[PDB]
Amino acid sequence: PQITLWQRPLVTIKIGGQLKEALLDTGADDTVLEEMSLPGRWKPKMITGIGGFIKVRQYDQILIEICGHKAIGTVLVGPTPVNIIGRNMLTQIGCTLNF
């Protein structure tokens, strides 16, 4: 698709067969998710945003479908108000910024 930005670029994602929605976020290095059921073990990790550091749970090799495109990588579960799809995933689905 070609997505304008007059509203937040939220899209449908699928993880563990669960349908969610998430923000396509070119400003985010990592992918950070709301609480949800994920397989495997996690490890504690800390990342920062504009307001400072948070503790998150790091899951590796997670499969996700983003607006129909498959991606696999590291996802961080933590105190985020919204699922955020960061560049580690965005690149896998061929996403670009255009103007």
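The first residue of the sequence shown is number 1, and the count goes up from there.
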item: Mean C-alpha B-factor comparison - 30-38 and 57-65, higher one; value: 30-38
item: Residue range whose averaged C-alpha B-factor is higher in the record, 70-78 or 39-47; value: 39-47
item: Chain third (lowest, middle, highest) by recorded CA B-factor, residue given as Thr91; value: middle
item: Relative C-alpha B-factor of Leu19, binned into the chain's lowest, middle or highest third; value: highest
